[PDB]
Amino acid sequence: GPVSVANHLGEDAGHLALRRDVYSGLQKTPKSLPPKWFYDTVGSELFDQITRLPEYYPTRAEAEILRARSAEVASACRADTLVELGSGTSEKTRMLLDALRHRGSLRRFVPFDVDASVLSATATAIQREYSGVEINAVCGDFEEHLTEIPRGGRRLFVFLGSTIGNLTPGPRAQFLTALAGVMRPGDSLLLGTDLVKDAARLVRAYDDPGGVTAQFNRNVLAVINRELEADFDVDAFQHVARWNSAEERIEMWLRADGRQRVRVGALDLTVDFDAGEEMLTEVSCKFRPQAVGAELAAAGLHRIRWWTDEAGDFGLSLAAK
Ligand SMILES: Cc1cc([C@@H](C)Nc2ccccc2)c2nc(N3CCOCC3)cc(=O)n2c1
């Protein structure tokens with residue numbers, strides 16, 4: 001099938017965005033950085049390791065559901081077009097593509113992500129694996145370019161991994177509203193949400209004894225040091241995973257041990273850390289079944305299927321426009 005890739009981001013858009021997030025985030029109280037910047041090359045490779053840890057159940061729990069339910073996804077949505085809000089590199093992507101193709105309705109794959117080189121590799125992989133499928137990769141970001149997704153016949157939008165949990169309620173409602181805005185009647189959204197559960201299990205999933213998550217978290221400082229000529233003493237920042245009971249979310253923090261002064265050279269910026277000051281690097285909201293259905297409703301989408309894994313650890317929602 002034909003491949004296309006459309007790039008709506010400027011060549012330096014990634015670097016401009018990083019400059020903005022860091023100039024802004026290192027000046028908030030508390031300091032905070034968005035989790036999208038964990039995922040450079042080293043960081044993406046560390047994330048792969050995390051998904052294979054015994055502590056980190058979300059990846060396998062979601063794959064367990066999709067292994068068992070992809071055909072039920074395919075029969076309810078009846079999509080001819082799979083839109084992945086993501087890079088399309090995972091096994092789950094092929095599980096859904098396999099199920100739409102088993103149905104015979106699969107015509108088009110639309111991976112939508114911010115890294116055009118990954119999208120190009122993904123498009124070549126799918127083109128080699130799925131004959132007669134057209135791939136229309138779209139390089140754009142959520143806040144501007146969701147309108148540039150092709151119309152197709154009937155579209156299944158896919159947002160897996162409980163990545164929606166990185167948005168707190170305010171931004172999360174804005175995102176779901178905008179996504180529902182670009183969907184057309186007859187489209188559907190497959191959404192993965194990690195579920196509230198025993199808090200000790202949740203912390204463990206974000207602070208494995210082997211230290212992999214700690215290295216993943218510390219890597220954002222390495223990314224800033226490298227990309228913006230900074231002098232974070234990375235090992236002076238301790239990994240801290242917290243359960244926030246009242247907000248029902250995991251939080252990843254980096255805790256300064258002793259006072260630190262950090263100079264970000266590209267930004268002409270100097271910031272100060274108190275001894276014990278913690279900086280927020282990721283929010284991971286955990287959900288309850290009924291609240292996910294209500295948040296989808298508030299955005300204009302109607303949930304028509306809900307599936308958990310055998311342990312009730314992880315949820316998949318299918319919601320139609
Ligand atoms: C390409 C990519 C990007 C992410 C980052 C950008 N997210 C995000 C999404 C919207 C807004 C802000 C942040 C990601 N986040 C994942 N998460 C797993 C569950 O716990 C924490 C979040 C998994 C995973 O594959 N991502 C893959």
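Starting from 1, each residue takes its place in the sequence as its number. In each ligand, atom 1 is the first atom listed, and ligand 1 is the first ligand listed. The analysis underlying the following values was restricted to heavy atoms, covering all of them including side chains, and did not include hydrogens, waters or symmetry mates.
- Ligand 1 does not have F175 within reach: every non-hydrogen atom of the residue lies 4.0 Å or more from it.
- For the residues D141, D113, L160, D194, the heavy atom positioned nearest atom 1 (C) of ligand 1 is part of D113.
- Closest protein heavy atom to atom 19 (C) of ligand 1: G161 O, 3.1 Å.
- Across the listed options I50, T51, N166, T163, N166 owns the non-hydrogen atom lying nearest to atom 22 (C) of ligand 1.
- Remark: the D207 side chain and the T213 side chain contain no N/O donor-acceptor pair separated by less than 3.5 Å.
- Within a 4.0 Å radius of atom 6 (C) of ligand 1, the protein contributes at least one heavy atom.
- Taking every non-hydrogen atom of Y206 and a distance limit under 4.0 Å, the qualifying atoms of ligand 1 come out as 20 (O).
- Less than 4.0 angstrom separates atom 16 (C) of ligand 1 from at least one non-hydrogen atom of the protein.
- Of the residues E282, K36, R172, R249, the one that meets the side-chain contact (heavy atoms from CB on, under 4.5 Å) test with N166 is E282.
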Exercise. Going through the checks in order, is the side chain to side chain contact (heavy atoms under 4.5 Å, CB included) test met by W307 and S317?
Worked result: CA-CA 7 Å; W307 302 279; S317 303; over 6 Å; no
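- The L167 neighbourhood of ligand 1 comprises atoms 11 (C), with distances under 4.0 Å to a heavy atom of that residue.
- Protein heavy atom nearest atom 21 (C) of ligand 1, with residue, atom name and distance: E282 OE2, 3.3 Å.
- Ligand 1 places these atoms under 4.0 Å from at least one heavy atom of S284: 20 (O), 21 (C).
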